[PDB]
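> Protein sequences, first through last, are from chains B, D, G, Y, L, U and R. Take 645 as the starting number for the first sequence in the deposited numbering and just add one per residue. Take 793 as the starting number for the second sequence in the deposited numbering and just add one per residue. Take 892 as the starting number for the third sequence in the deposited numbering and just add one per residue. Take 447 as the starting number for the fourth sequence in the deposited numbering and just add one per residue. Take 31 as the starting number for the fifth sequence in the deposited numbering and just add one per residue. Take 991 as the starting number for the sixth sequence in the deposited numbering and just add one per residue. Take 1041 as the starting number for the seventh sequence in the deposited numbering and just add one per residue. Heads up, the beta-carbon is just placed ideally off N, CA and C, and yes, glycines get one too.
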Amino acid sequence: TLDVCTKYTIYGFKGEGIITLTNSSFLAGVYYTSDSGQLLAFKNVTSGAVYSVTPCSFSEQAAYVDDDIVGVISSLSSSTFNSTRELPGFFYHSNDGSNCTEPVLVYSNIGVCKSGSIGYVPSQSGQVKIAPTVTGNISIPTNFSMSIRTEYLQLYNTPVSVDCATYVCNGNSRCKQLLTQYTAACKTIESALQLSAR
Amino acid sequence: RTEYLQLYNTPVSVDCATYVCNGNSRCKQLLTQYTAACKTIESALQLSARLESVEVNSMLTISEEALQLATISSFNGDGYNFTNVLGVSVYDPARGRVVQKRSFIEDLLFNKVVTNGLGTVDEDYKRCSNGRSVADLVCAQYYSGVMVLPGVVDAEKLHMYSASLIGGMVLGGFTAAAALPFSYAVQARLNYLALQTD
Amino acid sequence: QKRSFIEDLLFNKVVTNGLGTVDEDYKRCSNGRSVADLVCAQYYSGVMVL
Amino acid sequence: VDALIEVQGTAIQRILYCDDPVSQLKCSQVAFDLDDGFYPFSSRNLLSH
Amino acid sequence: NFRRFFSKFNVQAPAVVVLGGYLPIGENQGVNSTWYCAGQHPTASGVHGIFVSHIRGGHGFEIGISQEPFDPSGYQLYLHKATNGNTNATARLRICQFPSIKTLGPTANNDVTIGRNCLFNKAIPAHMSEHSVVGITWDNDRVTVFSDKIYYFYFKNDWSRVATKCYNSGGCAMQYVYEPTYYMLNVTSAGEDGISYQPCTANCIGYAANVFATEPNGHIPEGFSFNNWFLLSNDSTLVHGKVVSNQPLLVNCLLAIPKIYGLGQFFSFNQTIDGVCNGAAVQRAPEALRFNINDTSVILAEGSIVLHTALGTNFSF
Amino acid sequence: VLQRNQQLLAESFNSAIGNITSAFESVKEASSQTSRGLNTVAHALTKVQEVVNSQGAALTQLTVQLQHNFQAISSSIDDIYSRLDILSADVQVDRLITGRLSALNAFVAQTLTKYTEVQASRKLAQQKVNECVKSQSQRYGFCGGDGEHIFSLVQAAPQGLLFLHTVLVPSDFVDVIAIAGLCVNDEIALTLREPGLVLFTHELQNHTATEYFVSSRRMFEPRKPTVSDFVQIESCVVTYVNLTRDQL
Amino acid sequence: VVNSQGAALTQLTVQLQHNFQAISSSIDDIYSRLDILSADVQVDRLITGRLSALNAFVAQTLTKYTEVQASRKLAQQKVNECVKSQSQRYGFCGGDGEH
Ligand SMILES: *[C@@H]1O[C@H](CO[C@@H]2O[C@@H](C)[C@@H](O)[C@@H](O)[C@@H]2O)[C@@H](O[C@@H]2O[C@H](CO)[C@@H](O[C@@H]3O[C@H](CO[C@H]4O[C@H](CO)[C@@H](O)[C@H](O)[C@@H]4O)[C@@H](O)[C@H](O[C@H]4O[C@H](CO)[C@@H](O)[C@H](O)[C@@H]4O)[C@@H]3O)[C@H](O)[C@H]2NC(C)=O)[C@H](O)[C@H]1NC(C)=O
Ligand SMILES: *[C@@H]1O[C@H](CO)[C@@H](O[C@@H]2O[C@H](CO)[C@@H](O[C@@H]3O[C@H](CO[C@H]4O[C@H](CO)[C@@H](O)[C@H](O)[C@@H]4O)[C@@H](O)[C@H](O[C@H]4O[C@H](CO)[C@@H](O)[C@H](O)[C@@H]4O)[C@@H]3O)[C@H](O)[C@H]2NC(C)=O)[C@H](O)[C@H]1NC(C)=O
Ligand SMILES: *[C@@H]1O[C@H](CO)[C@@H](O[C@@H]2O[C@H](CO)[C@@H](O[C@@H]3O[C@H](CO[C@H]4O[C@H](CO)[C@@H](O)[C@H](O)[C@@H]4O)[C@@H](O)[C@H](O[C@H]4O[C@H](CO)[C@@H](O)[C@H](O)[C@@H]4O)[C@@H]3O)[C@H](O)[C@H]2NC(C)=O)[C@H](O)[C@H]1NC(C)=O
Ligand SMILES: *[C@@H]1O[C@H](CO)[C@@H](O[C@@H]2O[C@H](CO)[C@@H](O[C@@H]3O[C@H](CO[C@H]4O[C@H](CO)[C@@H](O)[C@H](O)[C@@H]4O)[C@@H](O)[C@H](O[C@H]4O[C@H](CO)[C@@H](O)[C@H](O)[C@@H]4O)[C@@H]3O)[C@H](O)[C@H]2NC(C)=O)[C@H](O)[C@H]1NC(C)=O
Ligand SMILES: *[C@@H]1O[C@H](CO)[C@@H](O[C@@H]2O[C@H](CO)[C@@H](O[C@@H]3O[C@H](CO[C@H]4O[C@H](CO)[C@@H](O)[C@H](O)[C@@H]4O)[C@@H](O)[C@H](O[C@H]4O[C@H](CO)[C@@H](O)[C@H](O)[C@@H]4O)[C@@H]3O)[C@H](O)[C@H]2NC(C)=O)[C@H](O)[C@H]1NC(C)=O
Ligand SMILES: *[C@@H]1O[C@H](CO)[C@@H](O[C@@H]2O[C@H](CO)[C@@H](O[C@@H]3O[C@H](CO[C@H]4O[C@H](CO)[C@@H](O)[C@H](O)[C@@H]4O)[C@@H](O)[C@H](O[C@H]4O[C@H](CO)[C@@H](O)[C@H](O)[C@@H]4O)[C@@H]3O)[C@H](O)[C@H]2NC(C)=O)[C@H](O)[C@H]1NC(C)=O
Ligand SMILES: *[C@@H]1O[C@H](CO[C@@H]2O[C@@H](C)[C@@H](O)[C@@H](O)[C@@H]2O)[C@@H](O[C@@H]2O[C@H](CO)[C@@H](O[C@@H]3O[C@H](CO)[C@@H](O)[C@H](O)[C@@H]3O)[C@H](O)[C@H]2NC(C)=O)[C@H](O)[C@H]1NC(C)=O
Ligand SMILES: *[C@@H]1O[C@H](CO)[C@@H](O[C@@H]2O[C@H](CO)[C@@H](O[C@@H]3O[C@H](CO)[C@@H](O)[C@H](O)[C@@H]3O)[C@H](O)[C@H]2NC(C)=O)[C@H](O)[C@H]1NC(C)=O
Ligand SMILES: *[C@@H]1O[C@H](CO)[C@@H](O[C@@H]2O[C@H](CO)[C@@H](O[C@@H]3O[C@H](CO)[C@@H](O)[C@H](O)[C@@H]3O)[C@H](O)[C@H]2NC(C)=O)[C@H](O)[C@H]1NC(C)=O
Ligand SMILES: *[C@@H]1O[C@H](CO)[C@@H](O[C@@H]2O[C@H](CO)[C@@H](O[C@@H]3O[C@H](CO)[C@@H](O)[C@H](O)[C@@H]3O)[C@H](O)[C@H]2NC(C)=O)[C@H](O)[C@H]1NC(C)=O
Ligand SMILES: *[C@@H]1O[C@H](CO[C@@H]2O[C@@H](C)[C@@H](O)[C@@H](O)[C@@H]2O)[C@@H](O)[C@H](O)[C@H]1NC(C)=O
Ligand SMILES: *[C@@H]1O[C@H](CO)[C@@H](O)[C@H](O)[C@H]1NC(C)=O
Ligand SMILES: *[C@@H]1O[C@H](CO)[C@@H](O)[C@H](O)[C@H]1NC(C)=O
Ligand SMILES: *[C@@H]1O[C@H](CO)[C@@H](O)[C@H](O)[C@H]1NC(C)=O
């Protein structure tokens, strides 16, 4: 079956997908696979018919709003939403096709308002600094105000200790004498943690 | 002298269930036993993206005034050239407004070392969403359930960012009538570093 | 002298008593006498955060 | 059927289903209330058996 | 009066359930004590449930509920309702630890234990009618609101002192109830009017704790205790936690207080079980059957339980 | 020395305290990105939230690995011990002990890795308090950025320390006329010495009133100059204003 | 470094190609061969391996992100002192000379 979502069973490669025609040309080779090992495009001998299959499933990026979904981002024009606008690189899906003015959720140069409208965020105005001048004129600042800015930093981390034997031996006696063969890892950890703690 | 430092990194997006299940109802209900790890990883990547995104937005600043003075015509040429370094002023494109491309120097290093056709030129996923022809790994890894987040900023933004920052040093008063000669500020710095007599 | 305004406010809002931050008495685990949460268990596992 | 379960002190309450891509993620996040933002989701294609 | 009060809740047409709660009896049926907290035999605990729909000024409704034992690290509630109309009746409801004072306003030292942002902050629409009151009740971790649809919320704290910055109303203008009375509610009319709201006398707790309404989607109506309901586990035990799993909770039909099994009643996984499918009806073959227990003596005495295998082998309990 | 200007800044400080106090609680009321960017409580609470979530980790997985049975009959050593002879169980326990030890070696390495990076990070923050707090920085924007520091109230939070940078803020800009320099008798060039200060003339010669003062370039504190404040040069250029001895 | 960043994603599909102790990696097909029991064993194997791989992935990725946040902290530092301004710290930016 062609160009429909169907149960494909091909040369010991089975599954569900949609097949598509392609016009490639190669005098040799009949099947061509992906890095993962799945086969996308292939040809058949007698007619050289080359076909590419596609999964009957794809991903998308949807936005959670307040307590619901209002915006969806996909690659297919069709959607359950009223409107779908083809923005560069993707389809935006929503029932609100208006213009975003006070974005509530912003990613990259893009942002979305509460109503769901999307928009391009203009760059925020930066602080202005006046360079020195030899002569002529200057706009000397005056009439100053206050602004307090925030900063934090976490300083120290609590240490922890473990006894490998107890952690691995829950009371057995034969265990330790058997495991006498190799213990140096326990040594490395204890010394390291102890010196680190101190 | 020369220095360089990289700024940010390309994010990645993956869905655990799809990555593990290629449309498998039994498998998803099977794997329902363990999911907390998926929650942790998605949260990490999602929270990350947000945190680096806002800080770079805070990193950037704008000054249209420096953009005014950016062009050679808007600079009082004094012996010095700054030709291949100063950004080129391009015509009005379909946008209808005069915009700016990259100067000679960075375009040189880009077209030499930065290979065109790599991940930098972001791919619109529609082309393989229709498919219809043999594609490269990127849609297959999308098929794997992987998508590469678009760059948070743009080279032009940084281009005029760098241009604005560098051009900010020719300012005098608020909206100066003419840019002070670069040499003038030079002896300003020269006397600052050591008052000149001759 | 107790805490000032802001830090105690932020302490209580971000951290609730009984979290990993609060100190613990190890005597009850030795006694047992009741249901045990994790904290005695990982002690039984042999791990100890100082 | 499948649903999210909350047990507290050998008591059970606030049991919610998953018959919704919104609800599926909700139980995929085991939180009654999620956080607004971007979350990637596949194409639900159980339309035809 | 009570017809409009209880008609707001939605339910399938064939329903009869016993309901218990602090139902109103009089406009200003005065309390028999002067206590606001709850303890042993808690009846005159103040206002377990208040219900007001009248105002002498009409400006609006301000409501503040807290606990006088002063546990400031807890949560407080304010309701700001615009007494104008029905769509305008939308009230700003805020469940958050409030920067409030025992005095209803800023005239003394403030309680500032508001570390947490909020537990709820939204505006809920309401409506006006002479026989449509708006009110609030509390019972253990249960909080129920008679305003449009019932609002039930779960949290662990104590609330004992009620007050309002708008007292411009008479005593009869608000109904304050403090004793949980029991009434069996029967509706089969397929309309806003139920058959009766007759008081319930016996088996009320069992009937309330076990009888519910089968939804068209077969989902569980809220507020049900599930007192004798337990996680389906083939092993292990969990005192507390959260999980998603597969459980036999979808319903095809519902029966209660059977009276016919003593005559050799038969059931099969094929046939949809007949009887009064209390609530909605599902034309789905049963996948399992759950049974409530009151007195095993009947089962012990004459409970004749015999099961059959695919090979005809039988086992008799 | 009007004693009022610093008072005017005082209620600005007090009003700022109110907003800062307000912003501490319920950040999500009417938050804005301009109020959520860098040096914002939201950014600050972001940092504190992520670190507390960060520290609340790296222990549960430890319980996870020990729970597993890897390539063995059962995780109960005594069971097989009671249910089997010595040699076969020995093989499995070797596997099992190797599994646990390998996991914890990876664990201890990553933990000490956090330890190494935080040692460096802890060092850096140590200076920050020294300069910005213990002393007065002359750097432009070192403590925070893009401002002129006044002081900073430093406090703590669970297992860390925090900065609130009290910084002066410019609002107005005085537009004044600058003078290139002075030359007198075409012999003496009266010139500046300290670059921070600058000579200037408030107003112009429109009505024979040219107010020659000197003040800092950065700050607007006009005042009359003095000869000793300047320096003399024996060479002159067109940039110097011509004056006579009587005008000195 | 651009060549460096042009890596660390190819290996993912590699073990995805690789089969963790099973007849065949094709989960759907192998599911379509025999009863449920054995298949459940192997599917756990593969999911554990891939999740562990991405757990590794997360560690070094956040590691790069941790080291780089310090890096551009220093970088934003740089754009302040002698970029937006001039200082007297000799050779602080540049070194071996007076800026
Ligand atoms: C009692 O159970 C009946 C079957 O259920 C099982 O058996 C009983 C004994 C219990 O143990 C129970 O627990 C078991 O699960 C149940 O029967 C239902 O209704 C009809 C019965 O005739 C059946 O549905 C039929 O479907 C086919 C289509 O299916 C395929 O059929 C062939 C198979 O090779 C294919 O070639 C087709 O392409 C289809 O893919 C219909 O064709 C069929 O139409 C006619 O079938 C018979 C043939 O003699 C006629 O007599 C009927 O009148 C129909 O006109 C049926 O539609 C099937 O057994 C079952 N189906 C469903 C959907 O449940 C019965 O309903 C149960 N009774 C009660 C009261 O619960
Ligand atoms: C998109 O797809 C769906 C179906 O596939 C449809 O979308 C709906 O379209 C209708 C009509 O176009 C929209 O109805 C609008 O509702 C608004 C919300 O008001 C609510 O609250 C008021 C009380 O304040 C109620 O009276 C009202 O019934 C609503 O419950 C109204 O504001 C709209 O107009 C009314 O209000 C304005 C301003 O107050 C007045 O000026 C008007 O006279 C009128 O009274 C309108 O009634 C509905 O919201 C849409 N739903 C969506 C988008 O999800 C459409 O078929 C299709 N296309 C569009 C464009 O929606
Ligand atoms: C909740 O509310 C519902 C709604 O009223 C109550 O249902 C009523 O129950 C009473 C008590 O049995 C019914 O009264 C008797 O009904 C018998 C059955 O006929 C009714 O039911 C069938 C099936 O539902 C309907 O199709 C039919 O139209 C009838 O409505 C009658 O046979 C009885 O009459 C017999 O006795 C009298 C003498 O007493 C003779 O004169 C008659 O000829 C006849 O022999 C009697 O009428 C009542 O009909 C039910 N209502 C309805 C609408 O059917 C629930 O009982 C109530 N439950 C609780 C707990 O409150
Ligand atoms: C505790 O431990 C027990 C013991 O394993 C677990 O019990 C398992 O429960 C699941 C859930 O239903 C069972 O899975 C079901 O297996 C059925 C097997 O039927 C086949 O095998 C018999 C012979 O045994 C054949 O005669 C028969 O014809 C079948 O070939 C399936 O039929 C079930 O199918 C499900 O999916 C289909 C869709 O394909 C649906 O249409 C069905 O309605 C149904 O949902 C299902 O796969 C499993 O078999 C049980 N184990 C055993 C050993 O039987 C418990 O789950 C576990 N946990 C708890 C909490 O108790
Ligand atoms: C830096 O700081 C100095 C000292 O304050 C400022 O000098 C002040 O300049 C401002 C205007 O820039 C003056 O503010 C206004 O003054 C009004 C009356 O004063 C003069 O107003 C005009 C000026 O255009 C003259 O023509 C007139 O003859 C007066 O002599 C007041 O009525 C104003 O108050 C109203 O506006 C303010 C601001 O909106 C409100 O806050 C008030 O509540 C009220 O509504 C206003 O105060 C001020 O008089 C000057 N002060 C002195 C002592 O002279 C500098 O101007 C300033 N640098 C700047 C702004 O660049
Ligand atoms: C900052 O740096 C500048 C440049 O070194 C110093 O000089 C100022 O320079 C600006 C522009 O370079 C001057 O702005 C000018 O305004 C003037 C306005 O016309 C005056 O003269 C006519 C004729 O006498 C009068 O009729 C009229 O009323 C005004 O009194 C013009 O010279 C310029 O605009 C004219 O020409 C343009 C172009 O042809 C036309 O479009 C205009 O309509 C207008 O006709 C020019 O815009 C500024 O005036 C200069 N300063 C002074 C004091 O004059 C500054 O001194 C320096 N700042 C300080 C504080 O020192
Ligand atoms: C927001 O609303 C605008 C309304 O259209 C116009 O928007 C402004 C440009 C103003 O001129 C308004 O007065 C006017 O009504 C919707 O239309 C589109 O707006 C964009 C925004 O700039 C226009 O920009 C174009 O951008 C491309 C690429 O940069 C250029 O090539 C174009 O020359 C032009 O600059 C665009 O012309 C305009 N019309 C379209 C796209 O048909 C806009 O859709 C809406 N946005 C959202 C998110 O709803
Ligand atoms: C400022 O820089 C520009 C850009 O380089 C200079 O203009 C151009 O300079 C290049 C080389 O500096 C000239 O290239 C010439 O090409 C011919 C033919 O290949 C070759 O024979 C010459 O030896 C030289 O390489 C180019 O002609 C020249 N073009 C123009 C229009 O100037 C400019 O000279 C610089 N000016 C200053 C003041 O620095
Ligand atoms: C410096 O900050 C402290 C702390 O807020 C200020 O003390 C506060 O002063 C206000 C104003 O008097 C007090 O408000 C009071 O409100 C109640 C109602 O809640 C009212 O009845 C009172 O008449 C009064 O207005 C507030 O309680 C008080 N708080 C504390 C902790 O002292 C102080 O005023 C500030 N400094 C200056 C100079 O204002
Ligand atoms: C203040 O005193 C100085 C000291 O002499 C004066 O400088 C002199 O100014 C004249 C007039 O501009 C200069 O003559 C010029 O010569 C150039 C060629 O060098 C010519 O192109 C011009 O057209 C003009 O004729 C002279 O060189 C210059 N000398 C020095 C030593 O600076 C200055 O002019 C006096 N101020 C005023 C306002 O006149
Ligand atoms: C498919 O054919 C292309 C030739 O042009 C196309 O012809 C048909 C198939 C339509 O798709 C039409 O829109 C085009 O103009 C080749 O360029 C292309 O390489 C062929 N595909 C492959 C895989 O070789
Ligand atoms: C709703 O009520 C508020 C307060 O009672 C009032 O301010 C507002 O104007 C009212 N709106 C309408 C549409 O009546
Ligand atoms: C034994 O059980 C029967 C049936 O439940 C019960 O009626 C009877 O009381 C019991 N025997 C005695 C001696 O009580
Ligand atoms: C916060 O700042 C605004 C100006 O942006 C001011 O109007 C307001 O009074 C300040 N808040 C307090 C509590 O001082």
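When burial is assigned at 16 or more other CB atoms within 10 Å of the CB, is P278(L) buried or exposed?
Taking the first residue of the fifth sequence as 1, we reach residue 278(L) at position 248. Answer is exposed; the Cβ neighbour count stays below 16.
> Quick check: what's the CA-CA separation for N903(D) versus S1125(U)?
Counting from one through the second sequence, the residue named residue 903(D) turns up at place 111. Counting from one through the sixth sequence, the residue named residue 1125(U) turns up at place 135. Cα to Cα, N903(D) sits roughly 49 Å from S1125(U).
> Between which two residues does the beta strand (DSSP E) carrying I125(L) extend?
In the fifth sequence, residue 125(L) corresponds to position 95, counting from 1. Run containing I125(L): 121-126, per the beta strand (DSSP E) assignment.
> From the DSSP output, in three-state form, read off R460(Y) for me.
The residue labelled residue 460(Y) in the question sits at position 14 within the fourth sequence. If DSSP states are grouped into helix, strand and coil, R460(Y) belongs with the strands.
> Report the three-state DSSP secondary structure of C148(L) (helix, strand or coil).
The residue labelled residue 148(L) in the question sits at position 118 within the fifth sequence. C148(L) falls in the coil class under three-state DSSP.
> Short of 8 Å Cβ to Cβ, which residues in the segment 481-494 of chain Y face chain B?
So the list reads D481, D482, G483, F484, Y485, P486, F487, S488, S489, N491, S494, given in the order they occur along the chain.
> Which residues are close to ligand 3, meaning CB closer than 5 Å to any heavy atom, in chain order?
Chain-ordered list of matching residues: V46(L), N216(L), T218(L), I225(L).
> If I follow the unbroken beta strand (DSSP E) through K272(L), where does it start and stop?
Counted from its first residue, the fifth sequence places residue 272(L) at position 242. Counting along the chain, the beta strand (DSSP E) containing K272(L) begins and ends at 271-276.
> If we ignore side chains and look at the alpha-carbon of each, how far apart do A310(L) and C283(L) end up?
In the fifth sequence, residue 310(L) corresponds to position 280, counting from 1. In the fifth sequence, residue 283(L) corresponds to position 253, counting from 1. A310(L) and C283(L): Cα-Cα distance of roughly 8 Å.
> Does the distance from the C-beta atom of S759(B) to that of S783(B) stay below 8 Å?
For the purposes of this step, residue 759(B) is taken as the residue at position 115 of the first sequence. For the purposes of this step, residue 783(B) is taken as the residue at position 139 of the first sequence. Cβ distance not < 8 Å, so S759(B) and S783(B) don't count as in contact.
> Using a beta-carbon distance below 8 Å, is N983(D) in contact with chain U?
Position 191 of the second sequence, counting from 1, holds the residue named residue 983(D). Yes, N983(D) counts as interfacial toward chain U.
> Could you spell out where the beta strand (DSSP E) holding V938(D) opens and where it closes?
If you number the second sequence from 1, residue 938(D) lands on position 146. Note, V938(D): beta strand (DSSP E), 938-940.
> If we cut at 8 Å on Cβ distances, does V468(Y) have a partner in chain B?
Against the fourth sequence, residue 468(Y) aligns to sequence position 22. Output row for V468(Y): interface = yes.
> Beta-carbon of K831(D) versus every beta-carbon of chain Y: anything under 8 Å?
As a working mapping, residue 831(D) is identified with position 39 in the second sequence. So, interface residue.
> Please say whether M790(B) and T1156(U) have beta carbons closer to each other than 8 Å?
Walking along the sixth sequence from the start, residue 1156(U) turns up at place 166. Walking along the first sequence from the start, residue 790(B) turns up at place 146. Yes, these two residues count as a Cβ contact at 8 Å.
> For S701(B), which residues in chain R fall below 8 Å Cβ to Cβ?
Translated into the one-based positions of the first sequence, residue 701(B) becomes position 57. Ordered by position in chain R, no residue passes the 8 Å Cβ test against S701(B), which lies about 13 Å from the chain.
> Could you confirm whether any beta carbon from chain U is found closer than 8 Å to the beta carbon of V930(G)?
Here residue 930(G) refers to the residue found at position 39 when the third sequence is read from its first residue. Output row for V930(G): interface = no.
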